[PDB]
Amino acid sequence: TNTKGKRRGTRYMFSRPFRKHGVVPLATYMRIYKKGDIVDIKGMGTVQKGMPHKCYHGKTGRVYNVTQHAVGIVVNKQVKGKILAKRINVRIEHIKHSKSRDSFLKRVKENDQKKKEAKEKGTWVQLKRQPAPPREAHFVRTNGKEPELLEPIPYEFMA
Amino acid sequence: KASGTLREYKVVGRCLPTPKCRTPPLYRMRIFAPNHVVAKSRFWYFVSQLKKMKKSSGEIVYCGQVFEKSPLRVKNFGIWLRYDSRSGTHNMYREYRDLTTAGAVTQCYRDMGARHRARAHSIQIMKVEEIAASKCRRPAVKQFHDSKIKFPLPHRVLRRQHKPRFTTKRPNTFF
Amino acid sequence: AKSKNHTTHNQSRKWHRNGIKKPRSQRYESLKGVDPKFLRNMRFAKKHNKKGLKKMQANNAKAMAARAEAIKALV
Amino acid sequence: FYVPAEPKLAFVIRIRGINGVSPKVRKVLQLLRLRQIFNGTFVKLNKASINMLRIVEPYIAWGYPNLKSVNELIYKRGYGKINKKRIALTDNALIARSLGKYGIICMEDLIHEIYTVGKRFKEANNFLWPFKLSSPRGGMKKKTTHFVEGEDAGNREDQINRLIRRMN
Amino acid sequence: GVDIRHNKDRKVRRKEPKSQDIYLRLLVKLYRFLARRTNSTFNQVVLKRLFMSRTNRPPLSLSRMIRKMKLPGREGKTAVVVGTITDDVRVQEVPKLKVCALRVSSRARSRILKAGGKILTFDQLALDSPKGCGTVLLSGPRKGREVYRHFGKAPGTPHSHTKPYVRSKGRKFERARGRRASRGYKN
RNA sequence: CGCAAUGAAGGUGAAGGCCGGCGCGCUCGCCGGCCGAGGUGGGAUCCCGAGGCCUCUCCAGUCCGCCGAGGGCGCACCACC
RNA sequence: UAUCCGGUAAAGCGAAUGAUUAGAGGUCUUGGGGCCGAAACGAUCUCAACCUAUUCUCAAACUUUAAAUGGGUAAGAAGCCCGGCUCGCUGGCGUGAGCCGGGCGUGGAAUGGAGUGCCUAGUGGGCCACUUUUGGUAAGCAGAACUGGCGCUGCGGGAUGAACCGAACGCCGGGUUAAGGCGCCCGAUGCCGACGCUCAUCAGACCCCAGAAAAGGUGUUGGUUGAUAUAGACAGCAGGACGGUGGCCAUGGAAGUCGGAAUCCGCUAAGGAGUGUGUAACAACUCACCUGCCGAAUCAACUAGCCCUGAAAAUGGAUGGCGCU
RNA sequence: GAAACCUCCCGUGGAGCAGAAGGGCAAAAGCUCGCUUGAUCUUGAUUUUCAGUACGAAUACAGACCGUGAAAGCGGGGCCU
RNA sequence: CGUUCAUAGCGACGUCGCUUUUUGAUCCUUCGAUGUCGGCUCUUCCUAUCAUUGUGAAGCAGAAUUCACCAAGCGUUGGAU
RNA sequence: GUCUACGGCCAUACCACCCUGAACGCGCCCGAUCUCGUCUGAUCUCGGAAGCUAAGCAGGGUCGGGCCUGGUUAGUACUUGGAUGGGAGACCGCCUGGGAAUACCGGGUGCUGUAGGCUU
Ligand SMILES: [Mg+2]
Ligand SMILES: [Mg+2]
Ligand SMILES: [Mg+2]
Ligand SMILES: [Mg+2]
Ligand SMILES: [Mg+2]
Ligand SMILES: [Mg+2]
Ligand SMILES: [Mg+2]
Ligand SMILES: [Mg+2]
Ligand SMILES: [Mg+2]
Ligand SMILES: [Mg+2]
Ligand SMILES: [Mg+2]
Ligand SMILES: [Mg+2]
Ligand SMILES: [Mg+2]
Ligand SMILES: [Mg+2]
Ligand SMILES: [Mg+2]
Ligand SMILES: [Mg+2]
Ligand SMILES: [Mg+2]
Ligand SMILES: [Mg+2]
Ligand SMILES: [Mg+2]
């Protein structure tokens, strides 16, 4: 039976990468989280105040509270049969903005551009995405030179 | 791979074009298989080994059956192999005598099963080349190279053993 | 008479009989556990919204009249 | 060379039973509506769809149906989903009643929507109740192994039409 | 063999009322018919409620019926209640109402009729309005029963406010180890 | 038993708003009038309803529906303040 | 489709940590032992550790790298975009939050009716298989992971059988299948089935499975690589096998011959400073190069198929049986 | 003198940080000084074990009263487990 | 090693097996009981052959012999503790 | 072209040695009355401005080390899913999709924000 200790098994998780030890460079601290920012948690060894628990590393969630130098952040943690949305108080250093949402906002902005225009025109445009369709009919010109023959090569033992 | 009687297929394909490589080179093969479906698969297997190129990364351009151009000639075919033993992997040069390449490769696949308990999926056919009377290294072939060939069909054992299941006459096997 | 000591064998199955339901998201979640000094001040702000009502109502009527003038100019 | 278009649409037959089947497979098989053995569905192809077929490969036989296949399946075994009651398409009054809000007003329209994979495919294809086909007459080759390697499972592209005729 | 779970195939809703009383059952015969033959969903809702339990059709107090009709616009209408109409002693002035109910208590009956109110039975409502047109369909507070105060996240489970089943309240019935901080802990 | 709680106890015990005036409107204290169980989101259901849709003719034209875009009062219940 | 998380497989050790082989190079250091030195970083070796490039081989409790499978989020009306009010928070002005009031609709694929509350029994001995996996020589042993079974469950196949494969059962007719089969037992090959392989005085004969290995075999069949030979070979028989030379080390005797460093020339047609026999040691014998005869292929070394040796148990016996070439 | 003290050079930490090991740490989290008692008083929220009960341990705040620093700040015990 | 000579007989360092007449592992069966050691008595099987029949080997001259093959037909005793 | 002050990302920015630096800067530099601090005006603090780019600093250089980025290694190693595939086992081959890491060989060797100079 294994030890219940808080930091058990974070030998690798909380360990600054190769040649990225030392001073926590300052952008990290000086970037602003509001309420409802989508934020991915990633514990860090240098800063031990406000560390998240090893279960929430990797996990993404939303900011609910913002204190002086930390951010309350609702994240969903599964427990055997039940997913528990729960609220944890991570110090900034263990947290980035999750880009996952921004590619969405880019698309909605692009849609609002393509909805305003193409209204006065009349031609309705494809706003929905569509999965990669089968690759269409097309010609391939074997331009002058014929195809290159590939015989499989005879075995030989190298070692 | 399994079998039945194979057909030569021509299969040419290319790693599909990109920004960086706009008009990529075509690669052609001789892929013996029971049908185009497994032909194309077999094409991809051989190319994967040789070239950094997968079914996802490429497109088969032209798969097409290839017909023996001299069906009603009797030929001698040299065939080079690459089988897998229980032990290590090997090379051979088999020789068959047949009316077709397909027939000659089919013939090979049966022989290899017989003589080496080698199953389809172990065998790689590299080259199949029709060959003269000479340049035939195997005496099992060479004995049929002769103008006035002459042999009997000596102990001609009967079939139709159950047309008359029972009969008065003891049979005959001299003809 | 030693036992089996621990397992997780039939458990995933057991969990998924009744789903593994995601935690039921509402709009308007509580302000439980929000930095006290904030909550005081948003409470006070909420207290005095009724102060500055008469100004606000007039501003919307002026807006509504400007909308009605704009729609009349369009038509 | 003329490399023709990769196919839009494929018929997908469930070719093994409903015992001892992994949960990820099982879910996809009930996202293709392939619950019983020897049920089949049309399926429009694309990166998403094709990969879902990749996750259920040794549980299905599938490929690119003929024109005739789409007719024979629709006429001989064409059943509507009409107030959630599997009902046989005996008249166009049934098809129309349900799909007529799309311009699909008859069996023929339906066949054209399925075969060309139109705008309104999702709605015509879902309208069709999944095709309960019989066992394969003349038998199969091998249930458990892939087509390529002698068996019946997996993509057999053109050759799905032979299988269709011996089952429909 | 087919894969479906047969687990939640049978829906558990009521079909008829569980009561055997004959007057209610006549109302059911009437509202089944109307439900099916009218387009009115009022009839359907009413029909549904005739099958429900006592618990499930709670009493609607006179004051609650007042204030719900005091609301702006539903004026010159009829309030309907598949439950009973009770009095409120803590309301005085009772406007002249129109009412449907399976029951109205004798006080509540007097007060309403004294006001110039009309009381209707459900057979009478149908003839008056078979498609439920110009009705206010109310309900009593379902979660009134003291029952519900024991339901929820259990007592002694942090942030629950759930009445425990206790023999008698008082200084020394619970309120020790697990409510005081002084005694063990608290939730 | 229920219709009142809460405190170990001495005990205390579920209303608020608005308006006008008087005290310095002091987001505090006192005097007159009006409303009277707050508000947000969702809510079965009711309510209003542009507008169709025809009538054996060209228009007029009350009656009856059917649908109804749009807009409202919003039970219960839930979440939030 | 975007976007984060990861330190397992692999890989690496001319990158850290630890392990570890070899020689090059280095009075690095210095030594301990030498030999030639009185002694001398003098000359010459040496072994110690250290170092300069290289080099061999490793890691559950090492790692610069770094997969596959995998875990989060996100993919819109609870969303966007305007206008204005509230704050005892924050502040050069501004933030940030909370309020009102308008303005805008399908925002990846596939599927499916959802939500929600109360009472609640039995259970809390488990076992089995794929794959992963710890202890152990191993176990029908013990212990985890993952899915699926059996337990709760019949049915076709596997002769027999919890668990293998196929498939999951209302009561019946017709059809068709699966996995398995089709000499007879026993439904179906009573095909003019196709091509090979293999004879066993222990033949062989189908997932789980109920049985064999190293190592052998001109048994037979295929390969692979090299030869050889008309300058007529290859075997099969017949003729010589010497001298410089008791060569040198070794004496205990080795003039070819217990052993070992050597190891070339002459005559040459050609014979090794010698394969053996044997001798105290010789001798004597025996083992190339070439012919004479005969008359086309010959021969070597690997390799992998079947077969065989290897292969011993107790009541009489089991490819299921009969049998089968 | 191989080791005392002084001085110059190189030194990515190969040292040290009470203790096991792992992580973390260089104008520090090490060493040496100066001043100190935030190891003080008081509400709730949260995390970790979890049944998502307790205990312990911790995280973010908030209100007091202080410490220290030119200050920004940091500090309500021991860099983190 | 056996004067000489790897293999008549042997056989190191290594290696591959069989066996269940040793002992361990293990705990599947039996705790509403399967009588727990030895000896006597009696039958039957196995061969991994001591003798006996037929044979190959030798470092078999004879005699004595060990090594191996077919082989379990027939035997394998009397006593002291 | 380039610098100084405060920077962001933190080696394409590090290290070694070599060369070149106009003007403005930045420095070294000259002093200890006062501020401040040392065993020591070396450092620290302070008041300067005679010299000089020697050094720091910048820019460049090196078949340089290092780092960064491509190729190769290699569809190799590994691997998701499959079979009544093989094999006495150990292990291996196929199908289905995913797919690395050295050695070796190329190329690159800071970009840039705000405020202020100089080259008028
Ligand atoms: Mg247990
Ligand atoms: Mg299977
Ligand atoms: Mg059931
Ligand atoms: Mg690990
Ligand atoms: Mg490894
Ligand atoms: Mg029990
Ligand atoms: Mg056990
Ligand atoms: Mg049981
Ligand atoms: Mg199965
Ligand atoms: Mg400390
Ligand atoms: Mg404080
Ligand atoms: Mg000897
Ligand atoms: Mg035992
Ligand atoms: Mg007995
Ligand atoms: Mg014997
Ligand atoms: Mg000075
Ligand atoms: Mg300089
Ligand atoms: Mg200079
Ligand atoms: Mg370089």
# chains A, B, ... in the order shown; residues from 1 in each chain; ligands from 1

$ closest_atom_pairs --of "chain C" --to "chain F" --cutoff "12 Å" --atoms "only C-alpha atoms (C1' of nucleotides)" --output "CSV"
residue,atom,partner,partner_atom,distance
C:24,CA,F:79,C1',10.7
C:25,CA,F:79,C1',9.7
C:26,CA,F:79,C1',6.5
C:27,CA,F:79,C1',7.3
C:28,CA,F:80,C1',4.9
C:29,CA,F:80,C1',6.1
C:30,CA,F:80,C1',6.2
C:31,CA,F:80,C1',8.8
C:32,CA,F:80,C1',11.1
C:39,CA,F:81,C1',11.7
C:42,CA,F:81,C1',10.7
C:43,CA,F:81,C1',9.3
C:44,CA,F:27,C1',9.6
C:45,CA,F:27,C1',11.1
C:46,CA,F:81,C1',9.1
C:47,CA,F:27,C1',8.9
C:48,CA,F:27,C1',7.9
C:49,CA,F:27,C1',11.6
C:50,CA,F:18,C1',10.9
C:51,CA,F:27,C1',9.5

$ residues_near_ligand --ligand "ligand 9" --cutoff "9 Å" --atoms "only C-alpha atoms (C1' of nucleotides) and all ligand atoms" --output "list in words"
residues 17, 18, 19, 20 and 21 of chain D; 164, 165, 166 and 167 of chain G

$ write_last_selection --atoms "N, CA and C atoms (P, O5', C5', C4', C3', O3' and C1' of nucleotides)" --output "PDB file, in the first residue's frame"
ATOM      1  N   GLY D  17     -20.898 -10.824 -34.144  1.00  0.00           N
ATOM      2  CA  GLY D  17     -22.007 -10.759 -33.221  1.00  0.00           C
ATOM      3  C   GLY D  17     -21.831  -9.801 -32.069  1.00  0.00           C
ATOM      4  N   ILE D  18     -22.622 -10.029 -31.029  1.00  0.00           N
ATOM      5  CA  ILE D  18     -22.834  -9.032 -30.009  1.00  0.00           C
ATOM      6  C   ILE D  18     -22.422  -9.539 -28.628  1.00  0.00           C
ATOM      7  N   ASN D  19     -21.406 -10.399 -28.611  1.00  0.00           N
ATOM      8  CA  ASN D  19     -20.859 -10.954 -27.374  1.00  0.00           C
ATOM      9  C   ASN D  19     -19.396 -10.545 -27.279  1.00  0.00           C
ATOM     10  N   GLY D  20     -18.959 -10.183 -26.072  1.00  0.00           N
ATOM     11  CA  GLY D  20     -17.545  -9.956 -25.784  1.00  0.00           C
ATOM     12  C   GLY D  20     -16.905  -8.903 -26.660  1.00  0.00           C
ATOM     13  N   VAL D  21     -17.555  -7.750 -26.732  1.00  0.00           N
ATOM     14  CA  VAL D  21     -17.137  -6.692 -27.631  1.00  0.00           C
ATOM     15  C   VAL D  21     -16.738  -5.461 -26.824  1.00  0.00           C
TER      16      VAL D  21
ATOM     17  P     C G 164     -13.972 -18.197 -23.000  1.00  0.00           P
ATOM     18  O5'   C G 164     -13.015 -19.322 -23.594  1.00  0.00           O
ATOM     19  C5'   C G 164     -11.577 -19.195 -23.568  1.00  0.00           C
ATOM     20  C4'   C G 164     -10.982 -19.666 -24.875  1.00  0.00           C
ATOM     21  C3'   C G 164     -11.731 -19.259 -26.140  1.00  0.00           C
ATOM     22  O3'   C G 164     -11.104 -18.120 -26.728  1.00  0.00           O
ATOM     23  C1'   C G 164     -11.565 -21.623 -26.029  1.00  0.00           C
ATOM     24  P     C G 165     -11.983 -16.956 -27.393  1.00  0.00           P
ATOM     25  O5'   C G 165     -12.601 -17.670 -28.672  1.00  0.00           O
ATOM     26  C5'   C G 165     -11.764 -17.876 -29.811  1.00  0.00           C
ATOM     27  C4'   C G 165     -12.520 -18.570 -30.905  1.00  0.00           C
ATOM     28  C3'   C G 165     -13.849 -17.962 -31.314  1.00  0.00           C
ATOM     29  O3'   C G 165     -13.701 -16.808 -32.136  1.00  0.00           O
ATOM     30  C1'   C G 165     -14.076 -20.292 -31.102  1.00  0.00           C
ATOM     31  P     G G 166     -14.810 -15.647 -32.089  1.00  0.00           P
ATOM     32  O5'   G G 166     -16.129 -16.394 -32.582  1.00  0.00           O
ATOM     33  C5'   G G 166     -16.246 -16.875 -33.933  1.00  0.00           C
ATOM     34  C4'   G G 166     -17.557 -17.598 -34.140  1.00  0.00           C
ATOM     35  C3'   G G 166     -18.813 -16.867 -33.720  1.00  0.00           C
ATOM     36  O3'   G G 166     -19.214 -15.846 -34.617  1.00  0.00           O
ATOM     37  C1'   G G 166     -18.985 -19.120 -33.058  1.00  0.00           C
ATOM     38  P     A G 167     -19.855 -14.501 -34.045  1.00  0.00           P
ATOM     39  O5'   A G 167     -21.172 -14.991 -33.296  1.00  0.00           O
ATOM     40  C5'   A G 167     -22.430 -15.062 -33.983  1.00  0.00           C
ATOM     41  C4'   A G 167     -23.424 -15.872 -33.191  1.00  0.00           C
ATOM     42  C3'   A G 167     -24.122 -15.125 -32.063  1.00  0.00           C
ATOM     43  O3'   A G 167     -25.323 -14.531 -32.537  1.00  0.00           O
ATOM     44  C1'   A G 167     -23.247 -17.150 -31.233  1.00  0.00           C
TER      45        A G 167
END

$ interface_residues --of "chain E" --to "chain H" --cutoff "9 Å" --atoms "only C-alpha atoms (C1' of nucleotides)" --output "count of residues only"
8

$ closest_atom_pairs --of "chain J" --to "chain D" --cutoff "9 Å" --atoms "only C-alpha atoms (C1' of nucleotides)" --output "tab-separated table"
residue	atom	partner	partner_atom	distance
J:81	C1'	D:55	CA	7.4
J:82	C1'	D:58	CA	6.5
J:83	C1'	D:145	CA	5.4
J:94	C1'	D:149	CA	8.3
J:95	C1'	D:149	CA	6.3
J:96	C1'	D:57	CA	7.8
J:97	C1'	D:54	CA	7.7

$ write_last_selection --atoms "N, CA and C atoms (P, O5', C5', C4', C3', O3' and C1' of nucleotides)" --output "PDB file, in the first residue's frame"
ATOM      1  P     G J  81      -4.537  -2.566 -27.910  1.00  0.00           P
ATOM      2  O5'   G J  81      -5.381  -3.018 -29.185  1.00  0.00           O
ATOM      3  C5'   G J  81      -6.733  -2.561 -29.340  1.00  0.00           C
ATOM      4  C4'   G J  81      -7.296  -2.885 -30.708  1.00  0.00           C
ATOM      5  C3'   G J  81      -7.167  -4.314 -31.210  1.00  0.00           C
ATOM      6  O3'   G J  81      -8.078  -5.241 -30.624  1.00  0.00           O
ATOM      7  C1'   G J  81      -6.530  -2.865 -32.932  1.00  0.00           C
ATOM      8  P     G J  82      -7.773  -6.818 -30.712  1.00  0.00           P
ATOM      9  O5'   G J  82      -7.698  -7.072 -32.278  1.00  0.00           O
ATOM     10  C5'   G J  82      -8.889  -7.183 -33.056  1.00  0.00           C
ATOM     11  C4'   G J  82      -8.621  -8.067 -34.237  1.00  0.00           C
ATOM     12  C3'   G J  82      -8.099  -9.453 -33.903  1.00  0.00           C
ATOM     13  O3'   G J  82      -9.169 -10.319 -33.527  1.00  0.00           O
ATOM     14  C1'   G J  82      -6.821  -8.501 -35.653  1.00  0.00           C
ATOM     15  P     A J  83      -8.887 -11.615 -32.621  1.00  0.00           P
ATOM     16  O5'   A J  83      -8.499 -12.709 -33.701  1.00  0.00           O
ATOM     17  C5'   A J  83      -9.406 -13.066 -34.751  1.00  0.00           C
ATOM     18  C4'   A J  83      -8.673 -13.904 -35.759  1.00  0.00           C
ATOM     19  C3'   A J  83      -7.898 -15.082 -35.179  1.00  0.00           C
ATOM     20  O3'   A J  83      -8.746 -16.208 -34.951  1.00  0.00           O
ATOM     21  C1'   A J  83      -6.532 -13.884 -36.684  1.00  0.00           C
ATOM     22  P     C J  94       6.451  -8.652 -41.920  1.00  0.00           P
ATOM     23  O5'   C J  94       4.911  -9.014 -42.087  1.00  0.00           O
ATOM     24  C5'   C J  94       4.371  -9.307 -43.382  1.00  0.00           C
ATOM     25  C4'   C J  94       2.984  -9.901 -43.279  1.00  0.00           C
ATOM     26  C3'   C J  94       1.854  -8.918 -43.067  1.00  0.00           C
ATOM     27  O3'   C J  94       1.557  -8.352 -44.326  1.00  0.00           O
ATOM     28  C1'   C J  94       1.552 -10.753 -41.633  1.00  0.00           C
ATOM     29  P     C J  95       1.389  -6.789 -44.464  1.00  0.00           P
ATOM     30  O5'   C J  95      -0.086  -6.561 -43.914  1.00  0.00           O
ATOM     31  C5'   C J  95      -1.204  -7.045 -44.671  1.00  0.00           C
ATOM     32  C4'   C J  95      -2.397  -7.238 -43.780  1.00  0.00           C
ATOM     33  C3'   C J  95      -2.977  -5.966 -43.199  1.00  0.00           C
ATOM     34  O3'   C J  95      -3.768  -5.316 -44.178  1.00  0.00           O
ATOM     35  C1'   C J  95      -2.866  -7.646 -41.542  1.00  0.00           C
ATOM     36  P     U J  96      -3.477  -3.798 -44.541  1.00  0.00           P
ATOM     37  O5'   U J  96      -4.056  -3.015 -43.280  1.00  0.00           O
ATOM     38  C5'   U J  96      -5.443  -3.138 -42.913  1.00  0.00           C
ATOM     39  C4'   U J  96      -5.730  -2.451 -41.593  1.00  0.00           C
ATOM     40  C3'   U J  96      -5.074  -1.099 -41.341  1.00  0.00           C
ATOM     41  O3'   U J  96      -5.867  -0.004 -41.780  1.00  0.00           O
ATOM     42  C1'   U J  96      -4.852  -2.465 -39.421  1.00  0.00           C
ATOM     43  P     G J  97      -5.492   0.804 -43.093  1.00  0.00           P
ATOM     44  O5'   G J  97      -5.080   2.240 -42.534  1.00  0.00           O
ATOM     45  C5'   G J  97      -3.788   2.495 -41.935  1.00  0.00           C
ATOM     46  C4'   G J  97      -3.975   3.055 -40.543  1.00  0.00           C
ATOM     47  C3'   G J  97      -2.864   3.926 -39.978  1.00  0.00           C
ATOM     48  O3'   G J  97      -2.751   5.270 -40.432  1.00  0.00           O
ATOM     49  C1'   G J  97      -3.435   2.345 -38.365  1.00  0.00           C
TER      50        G J  97
END

$ residues_around --residues "residue I:66" --least-positions-apart "2" --cutoff "12 Å" --atoms "only C-alpha atoms (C1' of nucleotides)" --output "list in words"
residues 8, 9, 57, 58, 59, 60, 64 and 68 of chain I
